[PDB]
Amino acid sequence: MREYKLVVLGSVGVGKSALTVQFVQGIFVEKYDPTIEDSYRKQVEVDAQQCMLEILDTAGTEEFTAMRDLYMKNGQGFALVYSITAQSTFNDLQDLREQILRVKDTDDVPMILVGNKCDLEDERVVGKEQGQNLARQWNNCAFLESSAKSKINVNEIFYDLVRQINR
């Protein structure tokens, strides 16, 4: 049985912790607790095979940059999450993506771009096309709008990371 090391990244409050807990535990954490670093193991079936997923929910700060080096070295697949309600959290995705490629010396890196909080449609600042345009920029990276609150496109994030590693 294969183990997959997936890292969730992005600035604070985008919903990295809420997407991970919704996927792993089936509940919506409506509170905000600042994350230092949190891992979760869970065996799922993906494509008729049993997979052990190890999901690292990282901090959205430039604090703890020593352990940022660690998890991009060992990460196999990366979910880059922004909130559709805050323009800055999207803009800040670009610098992250390049740091992943630099510590991996290659751009063949499993990756998915996630627009979280798609359930807050009247508070939306970042359009679907913005994300689609970053995604294509990034050598046709996979792209999802998700909601951790409504459990839309949550497991789709981690399953596509897994299929990409198998590719």
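All residue numbers are counted from 1 along the displayed sequence.
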item: Stretch with the higher entry mean CA B-factor, where the candidates are 35-43 and 126-134; value: 126-134
item: Mean Cα B-factor comparison, 73-81 or 87-95, giving the higher one as deposited; value: 87-95
item: Residue with highest C-alpha B-factor in the PDB entry, from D57, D107, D119, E54; value: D107
item: Third of the chain's Cα B-factor distribution that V29 belongs to, per the entry; value: middle
item: Entry-reported Cα temperature factor of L113, expressed as the chain third it lands in; value: lowest
